[PDB]
Amino acid sequence: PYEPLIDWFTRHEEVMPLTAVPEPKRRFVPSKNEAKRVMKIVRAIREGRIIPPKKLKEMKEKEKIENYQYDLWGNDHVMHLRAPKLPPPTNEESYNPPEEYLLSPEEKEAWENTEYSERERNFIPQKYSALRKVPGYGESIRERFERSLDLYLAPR
Amino acid sequence: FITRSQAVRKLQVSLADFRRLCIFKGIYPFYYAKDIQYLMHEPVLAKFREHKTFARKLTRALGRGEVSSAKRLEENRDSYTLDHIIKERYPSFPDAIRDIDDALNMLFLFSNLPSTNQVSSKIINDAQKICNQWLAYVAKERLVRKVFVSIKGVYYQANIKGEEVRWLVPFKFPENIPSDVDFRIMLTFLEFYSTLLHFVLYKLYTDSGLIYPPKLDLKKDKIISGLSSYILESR
Amino acid sequence: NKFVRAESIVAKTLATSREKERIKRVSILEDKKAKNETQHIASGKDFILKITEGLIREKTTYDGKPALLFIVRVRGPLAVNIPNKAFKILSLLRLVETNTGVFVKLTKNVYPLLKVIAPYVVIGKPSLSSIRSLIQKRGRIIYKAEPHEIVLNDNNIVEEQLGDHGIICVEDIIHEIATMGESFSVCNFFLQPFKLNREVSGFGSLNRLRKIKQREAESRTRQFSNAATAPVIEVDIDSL
Amino acid sequence: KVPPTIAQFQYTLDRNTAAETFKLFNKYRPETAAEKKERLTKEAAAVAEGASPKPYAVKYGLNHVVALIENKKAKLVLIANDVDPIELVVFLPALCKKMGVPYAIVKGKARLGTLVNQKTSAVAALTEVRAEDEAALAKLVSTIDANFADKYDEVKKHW
RNA sequence: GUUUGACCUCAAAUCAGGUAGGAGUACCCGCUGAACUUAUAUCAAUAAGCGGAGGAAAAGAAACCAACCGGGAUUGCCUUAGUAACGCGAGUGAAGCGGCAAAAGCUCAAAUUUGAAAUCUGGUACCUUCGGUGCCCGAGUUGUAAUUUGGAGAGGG
RNA sequence: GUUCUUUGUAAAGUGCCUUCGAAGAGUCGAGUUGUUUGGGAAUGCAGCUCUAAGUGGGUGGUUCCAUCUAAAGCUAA
RNA sequence: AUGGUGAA
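Residue numbers (the authors' numbering), protein chains in the order written: chain m, 239 to 312, 318 to 399; chain n, 15 to 43, 62 to 267; chain t, 53 to 105, 127 to 217, 222 to 317; chain G, 70 to 119, 125 to 233.
Structure follows, in structure tokens:
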């Protein structure tokens, strides 16, 4: 019942093809359909119907830059809407404040130990000898992130 | 109210996209059903859907192994615009001027932020350009009134049309970016404030009879690049 | 570990052999040039090539005047293992890590090394504004054992570190680096050169296409001449 | 079990040979609709204001490929192993063997479609190749023959 | 890569563009279908019932009719003819040829465009809107674009 | 009739010379069980065991010849 | 006979 196939017909390769079918000129000649399409596109361009790609690029280069070139003017009064309250002014965080604002080490330790986001101040005022000695402030990013969170997470 | 998950399901939008839309529209919570229903008509939702479709199509093209198709798709794509969303939230220019405090704070903070993986250098460059334009306009109008050097930075106050808006600028020292802050949320605010500041700067320049956007002095840009390098011409 | 196929090994071996031959030829030519036996060589005068955006090629000779140069790692060629000759130079400048960059003083003795490490790095002369921005955006100071590499934060730390040569603030270091100051060598070594962030810094649908486009542009912008007298290629570092 | 003609497929080329064949085929991706359209528009624009050699591309149409075979014009033929109407492809291997045209069976019709900008390509064949890849084409043909006809000489046997 | 994306399949949307129900029913096209009535034959491939469109419907250009000096789509009338044929009783019962009315022939499958899926559905902006152009997306290579149905037909000079 | 457009090495028809030159399968048919006709070759239609070739096959009369090319579809009178 | 109606 189950036997391997036999190559009686496939044993000998076909030296010659099956049908002559003399080759047409189009095989040895550039495509005529492509020429017809090119002529159609030329006619469309001449009739002012298709913008050439170079013209499109030139027009787009001028465009895409006319943004923000029109006056927009020339809202929370609803009872169920409230405006976003702005942060209060500074709290005496001067780089060169009076010595009174320089918190004592014992109270500075308490400020440092206390939790975050429930603190009276986010900084420790310091008495810097010179303006050039003022260091950087890497905590500004965290404060801005917290402000952004509060902006859209405020159950008014 | 309707739970956040319920609102997201009603909007059938991704959580990140939903947060972006909420930030753009200023919605707050557990949200009112009417507000969420109204938000569904915003074109930004359609733009986000188009972006998702484009993303899936581009992934398909790239996986298939046709870089040209993906490049063509990317070139033809266009980004959404916040121009109209600004008007509804700020019907009047004075409201935009009043709210410009947080926009200026964020733009100045991001201008000095070093380039990182989370935020491309293009955004930082745009923020720096916006800050330079604002500083040049303020200096020309001489609207600076209050200066307070502090640990956080220098608290500036520009009396733009007498609104005495207070803004803060951090120092130029390098900043160690913490991992706690999520830049994804901050990027939406950055984009919204960049668009708002662009519109406000154009309006101010038109009011003051100044051509916008002014070019930048190239020779100064190779030496003292910054506020001084941004030359402004009245006409 | 993962199985290693023969194609990668063969490609790496061929690329390493080509790189070794190039390095040997360049070193032999440079040594003969230094000996003044310039009777029979392809070229004697040094050449520096500047490529900028469209692309324009400018060939200029190298003079003995000191100049300021900035070098950034490129992580290339792809299938070329860094040879010992280049490994020593890279270790001396501690630029093994990718995207790392440092400032060096251009001198006649440094030209052969720059030529040797030319394909691996991209060089150029940055402007004062670019140098100031790079210094003020990134920095590192080693602090007390001293296993900490905390970023530069305070001017007083600068006073504590160097102190003697008047380097009391970051602006002093900026001036010393940009200008041909006496402490240029001292400050540069202690500066813990910057670790520039990678270009694309992303992966995904849009990120993959952007990275592919960047890689395609890199080949056109940067080329490996592999010639014995290959001029040093310079690009506009200010753009970066 | 299945008759000898069935199970002839699924005896595809090894990883390296298939990867090399696909790498070679990726150098002759037919121009997509956008590429051809932009080329035609550029030609029209040039003609508006005022000799290329024969283009080279991979022939993949089932009817087109079958026509190419039996005329000895085709040199390499790739056959998908996941054609739902199996009868459309059962005769292809035997016909190629009778005609002597080298042939191979690759995994997945979608893989063939990807290299021809189509969702699914039943077959993919090469007729003419550039002189640069002629040596590469001959080497790939020899490798495919060695790895398929000799390695899987029993593919046409043992049900 | 303990990971992504494709092909194929299966489902959801109060998503966008579409259509069938039913009525009427003299005629038509198919299924189904008895008895009275008369000596398997016969009422009768009828009545009723079921399904499907129209102004007509079906059929229609021979795997035809013929044995002739051959005719040449289908359709309806006369004629063939109450003949052949069947039942050999009762009865049933055609068709070629001939004349008239009207006459139009065509559309696919099957052999490679492969020097260019050149085909088409849908969305969008306009216009001269029973539609046309540009762009976009998708269907298609398991075949949409040229030609051909032996009455031939195709590639070249 | 009046016209505005034509379009492009674009399309079509005839005679001659050369080279090729493809036709529909659970289909015909046989077998068997029911229906139809007044139809003697139940042809025609209906269930099913079986199921073919391409100088082939169907339809007929005479030891050869006569006609056609089924298993696809459209068409007003 | 066909097609339907009702029902200690």
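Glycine is no exception: its CB is placed at the ideal position from the N, C-alpha and C atoms.
Per DSSP, cross-strand counterpart(s) of residue i
i, result
"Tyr188(n)", "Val179(n) and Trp199(n)"
"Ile100(t)", "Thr133(t) and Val309(t)"
"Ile75(G)", "Bridge partners of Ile75(G): none, in fact."
"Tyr63(n)", "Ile16(n)"
"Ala178(G)", "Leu152(G)"
"residue 219(t)", "Residue numbering in chain t breaks between 217 and 222, and residue 219(t) falls inside that break, so it has no position here."
"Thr173(t)", "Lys272(t)"
"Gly197(t)", "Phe143(t)"
"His116(n)", "Note: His116(n) sits in no beta bridge, so no partner."
"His225(t)", "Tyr216(t)"
"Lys147(G)", "The partner list for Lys147(G) (beta bridge, DSSP) is empty, contrary to what the question assumes."
Where residue i sits in the DSSP three-state scheme
i, result
"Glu100(G)", "coil"
"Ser337(m)", "strand"
"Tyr216(t)", "strand"
"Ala102(n)", "helix"
"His232(G)", "coil"
"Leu152(G)", "strand"
"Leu200(G)", "strand"
"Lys39(n)", "helix"
"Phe91(G)", "helix"
"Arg146(t)", "strand"
"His73(n)", "coil"
"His138(G)", "helix"
"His252(t)", "helix"
"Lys188(t)", "helix"
"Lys278(m)", "helix"
"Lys204(n)", "coil"
"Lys85(t)", "helix"
"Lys133(G)", "strand"
Residue of the options minimising C-alpha distance to residue i
i, options, result
"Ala196(G)", "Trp233(G), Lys106(G), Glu206(G) and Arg185(G)", "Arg185(G)"
"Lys247(n)", "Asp239(n), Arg267(n), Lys235(n) and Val232(n)", "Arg267(n)"
"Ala168(n)", "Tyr225(n), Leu233(n) and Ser211(n)", "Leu233(n)"
"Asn157(t)", "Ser302(t), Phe99(t), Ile250(t) and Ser69(t)", "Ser69(t)"
"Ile75(t)", "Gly212(t), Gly96(t) and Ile155(t)", "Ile155(t)"
"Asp239(n)", "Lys193(n), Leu77(n), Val179(n) and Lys24(n)", "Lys193(n)"
"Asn108(n)", "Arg92(n), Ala128(n), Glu82(n) and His230(n)", "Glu82(n)"
Amino acids of chain m, ordered along the chain, whose beta-carbon sits closer than 7 Å to that of residue i
i, result
"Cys264(t)", "Per Cβ cutoff of 7 Å: no residues; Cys264(t) is ~18 Å from chain m at best."
Neighbouring residues, chain G, relative to residue i (Cβ below 8 Å)
i, result
"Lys292(m)", "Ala114"
Beta-carbon neighbours of residue i, restricted to chain n and to distances below 8 Å
i, result
"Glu89(G)", "Those do not exist, as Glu89(G) stays about 15 Å from chain n at its closest Cβ, beyond 8 Å."
Residue i: contacting residues in chain G (beta-carbon distance under 9 Å)
i, result
"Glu98(n)", "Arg98, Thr101, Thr188 and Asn191"
"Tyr308(m)", "What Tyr308(m) touches in chain G: nothing, since even the nearest Cβ is about 34 Å away."
8 Å Cβ cutoff met for residue i and residue j
i, j, result
"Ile279(m)", "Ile289(m)", "no"
"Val247(t)", "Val263(t)", "no"
"residue 126(t)", "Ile208(t)", "Absent from the coordinates is residue 126(t), which sits in the stretch where chain t moves from 105 straight to 127."
"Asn149(n)", "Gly279(t)", "yes"
"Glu382(m)", "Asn365(m)", "yes"
"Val213(n)", "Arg385(m)", "yes"
Cross-chain neighbours of residue i in chain G, by beta carbon under 7 Å
i, result
"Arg104(n)", "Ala103"
"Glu252(m)", "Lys172, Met173 and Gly174"
Residue i beta carbon near the ligand MN (any heavy atom closer than 7 Å)
i, result
"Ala220(G)", "Of the ligands one can find in the structure shown there are none, so the ligand MN has no counterpart to examine."
Neighbour list for residue i in chain t, Cβ cutoff strictly below 7 Å
i, result
"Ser257(n)", "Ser202"
"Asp253(n)", "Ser202"
Contact set between residue i and chain t, taken where Cβ atoms lie within less than 8 Å
i, result
"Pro378(m)", "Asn230, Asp231, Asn232 and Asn233"
Within chain n, partners of residue i - CB distance below 7 Å
i, result
"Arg375(m)", "Per Cβ cutoff of 7 Å: no residues; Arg375(m) is ~11 Å from chain n at best."
"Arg146(t)", "Per Cβ cutoff of 7 Å: no residues; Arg146(t) is ~17 Å from chain n at best."
Neighbour list for residue i in chain t, Cβ cutoff strictly below 9 Å
i, result
"residue 6(n)", "Residue 6(n) is absent from the model: chain n starts at 15 and stops at 267."
8 Å Cβ cut-off: residues of chain m touching residue i
i, result
"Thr238(n)", "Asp309"
"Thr74(G)", "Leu243"
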